[PDB]
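Next up: just one chain, as structure tokens, the form deposited without 1-phenylurea (PHU).
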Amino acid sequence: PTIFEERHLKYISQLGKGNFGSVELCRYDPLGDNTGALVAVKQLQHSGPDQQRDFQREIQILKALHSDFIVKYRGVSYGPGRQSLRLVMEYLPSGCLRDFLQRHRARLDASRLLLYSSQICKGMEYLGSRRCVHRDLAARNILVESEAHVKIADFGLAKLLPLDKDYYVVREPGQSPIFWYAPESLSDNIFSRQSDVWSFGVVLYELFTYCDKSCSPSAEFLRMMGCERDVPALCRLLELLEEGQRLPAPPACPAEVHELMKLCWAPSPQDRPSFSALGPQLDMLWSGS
């Protein structure tokens, strides 16, 4: 089905929350005999008309995307009175990549991490071909379909580029993931496929740190930033990035991967590699392990 009856979506548990949305595990059980399939259902919480209109666009974006590396749209569910719109997606029980890395570091090696990186990259290349900027590319928004298959799986901040420009200025309520954001996103609120490339470099750092919280992007940058009176956190972050400071090479991270990170973190967006150019290099590295 593409329209799911709200009364047949049986709530099981929370799967996650981010920005202004929440995703819940539900069994779509039309017969009520508890035989239906599990689905992931996203909805808004503490949201006004602005966020509701944004959520409708999020649905239309995900509905239009068709990639082995992008979570599958299944349909929508309209609450009573068509007042609480819900987005129904395939449920990937292995969960998000961040949690997966923190649980299974011992049995994951560089080749497997490079495979994930390659698949994320191909997903992002596809998004770019649809003129879609993700704006929230991070390990917490990647799902594990299987041991050797990941998917980009949250689009709460995603935007479609205008037809006349390859960038988009976005100023919206909520806390930004500033430690994944390129300098032009931090300062000018500009987002593009090349600002996503910056975030992808941070994702590479996350994967080869196994999303260890002690050396996460926030922990690392916050140590570099320090704390100065009348110097807001955003300014200190912009300052250290302009000075050339970057997240460090994760221990045991292959030198080639660290080089790619640094290229993704070029100061100016036009100087960063495209996802189309990163892909073949990641495939080569995964073939060399």
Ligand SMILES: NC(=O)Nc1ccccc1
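We number the residues from 1 along the sequence you see.
The same protein has a further form, the form solved in complex with 1-phenylurea (PHU), not shown here; the description that follows concerns it.
Chemist: So in the bound PDB entry, are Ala158, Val170 and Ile190 all sitting within 4.5 Å of 1-phenylurea (PHU), heavy atoms only?
Modeler: Not one of the three qualifies.
Chemist: Looking in the bound PDB entry, any heavy atom of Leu115 within 4.5 Å of 1-phenylurea (PHU)?
Modeler: No, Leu115 is distant from the partner.
Chemist: Residue-level contact is defined here as any heavy atom of the residue lying within 4.5 Å of 1-phenylurea (PHU) in the bound PDB entry; does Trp198 satisfy this criterion?
Modeler: Yes - in the bound PDB entry, heavy atoms of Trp198 and 1-phenylurea (PHU) come within 4.5 Å of each other.
Chemist: Can you tell me if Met224 lies within 4.5 angstroms of 1-phenylurea (PHU) in the bound PDB entry, counting non-hydrogen atoms only?
Modeler: Flag for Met224 set to yes.
Chemist: Would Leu260 count as touching 1-phenylurea (PHU) in the bound PDB entry under a 4.5 Å heavy atom rule?
Modeler: No, no contact at 4.5 Å.
Chemist: Using a 4.5 Å heavy atom cut-off, which residue among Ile59, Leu65, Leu241, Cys253 comes into contact with 1-phenylurea (PHU) in the bound PDB entry?
Modeler: For this set of options, the contacting one is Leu241.
Chemist: So which of 215 to 223, 75 to 83, 119 to 127, 160 to 168 is the stretch with heavy atoms within 4.5 Å of 1-phenylurea (PHU) in the bound PDB entry?
Modeler: Flagged stretch: 215 to 223.
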